[PDB]
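J.: need a structure here:
(chains A and B)
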Amino acid sequence: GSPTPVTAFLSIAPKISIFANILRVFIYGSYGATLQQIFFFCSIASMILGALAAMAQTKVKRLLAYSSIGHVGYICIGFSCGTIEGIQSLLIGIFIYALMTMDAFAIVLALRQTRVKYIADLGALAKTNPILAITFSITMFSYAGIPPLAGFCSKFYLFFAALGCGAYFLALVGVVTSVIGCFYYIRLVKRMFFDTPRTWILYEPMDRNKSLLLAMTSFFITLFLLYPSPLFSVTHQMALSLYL
Amino acid sequence: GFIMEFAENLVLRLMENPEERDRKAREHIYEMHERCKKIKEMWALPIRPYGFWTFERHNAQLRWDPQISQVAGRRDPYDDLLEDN
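T.: Numbering: from 1, shown residues only, chains lettered A, B, ... in the order given. Next comes the structure:
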């Protein structure tokens, strides 16, 4: 329901601050180890239900909402395993999810010029604007967690943190939810490259600021795995600075 | 000269020193294993350090309250009574 720029500001700006707040509360105010249980089941439920619900949606904004819920579950995996690596994986996941959400909402705002509503309106978009189609496909794959992109690194290190604490069920549920999650992402892909509808919707060209932000984020997503050291070092310093 | 007399030593220049390769291999193994042990030790650190509250940044009140216990609203009742003399 909310306007597109509002939803763009939401799910990035609020979630980062609230997650930092939860980190501060969890690390200090929680010593009974009772928040492991509440984060465990809720993150598992978020993973499962986001993966199983985003596949049944036909609009775009609902799909982004359920993808956000799924990524919230993926990030919350880090709370259950309370270690330096767990918080590191959590923060890295937040960073990557924020970049991918900015890119995806830039895509959505780009097609908002002609009032895109459903997922079928972006049919045969590889013909009218091939390069925007490539950018959207890359961002969708980054959401999926395909290796040669950012977003795979975040899920990777979240799984590493989950396995470090011995929460073997968290790793398995993460894997299966990722498997289903990639399916409807590729389903989004098919309607946007392969099958061509009879009626084509024409989108007017974009402006420079959105295009520049989109290009920067797209080059960050693809080439992240080449040089990921600065993010990892920032995150390791941040995780340790909670105490010293 | 002729082709092979030059292609021979050309290929010989192209090939590298095996002694350097073996030394680099054994070296790389040595420091890689040492660094592996170091990272294994690092992953063993608990999230909450043993000191924690002992750290000076985690007190923030033992050196702030003493300079505040003189202001109005925090004084022991038996402070203003005998402060006159």
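J.: hey, let's count contacts and neighbours off CA atoms from now on
T.: Noted.
J.: Residues contacting stretch A:21-35, please?
T.: A:80, A:242 (C-alpha atoms under 8 Å, 6 or more residues apart in numbering or on different chains).
J.: Would you tell me which residues of chain B are close to chain A?
T.: B:43, B:46-49, B:52, B:55, B:57-58 (C-alpha under 8 Å from any C-alpha of the partner chain).
J.: Buried only: go through these for me.
T.: Among these, the ones that count as buried by 16 or more other C-alpha atoms under 10 Å in any protein chain shown are residue B:47.
J.: Quick one: mark the members of the residues of chain B next to chain A that sit in helices.
T.: Residues of these located in helices (DSSP state H): none.
J.: Now do the contacts for residue 53.
T.: Going with chain A. Per C-alpha under 8 Å, 6+ apart, neighbours of residue A:53: residue A:66.
J.: nope, chain B please
T.: residue B:59.
J.: Apply 10 Å and report the result again.
T.: A:243, B:59 (C-alpha atoms under 10 Å, 6 or more residues apart in numbering or on different chains).
J.: just to revisit the earlier point, want to try TSV for the residues of chain B next to chain A, with distance to residue A:202 as columns?
T.: As requested, the residues of chain B next to chain A are arranged in TSV below (distance: C-alpha to C-alpha, whole Å):
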residue	distance to residue A:202
B:43	54
B:46	57
B:47	54
B:48	57
B:49	59
B:52	61
B:55	62
B:57	59
B:58	60
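J.: Looking at the residues of chain B next to chain A, spot the one nearest chain A.
T.: Proximity of the residues of chain B next to chain A to chain A (C-alpha to the nearest C-alpha) peaks at residue B:47, which lies at 4.7 Å.
J.: what helix or strand does residue A:169 sit in?
T.: In this structure, residue A:169 sits in helix A:168-193 according to DSSP states H and E.
J.: helix or strand right after the top helix by length along chain A?
T.: Secondary structure assigned by DSSP H gives helix A:84-111 as the longest helix of chain A. Reading on from helix A:84-111 to the C-terminus, the next helix or strand found by DSSP H and E is helix A:125-128.
J.: Now that next one: buried residues?
T.: A:125-126.
J.: mind listing the helices in chain B by residue range?
T.: Using DSSP H, the helices of chain B run over residues B:3-14, B:18-42.
J.: still on that earlier bit, tell me which of the residues of chain B next to chain A is nearest to residue A:166?
T.: residue B:43 (13.6 Å; C-alpha to C-alpha).
J.: For stretch B:61-70, what is the distance to the chain centroid?
T.: Distance, stretch centre to chain centre, for stretch B:61-70: 34 Å (C-alpha atoms, centre = their mean, to the nearest Å).
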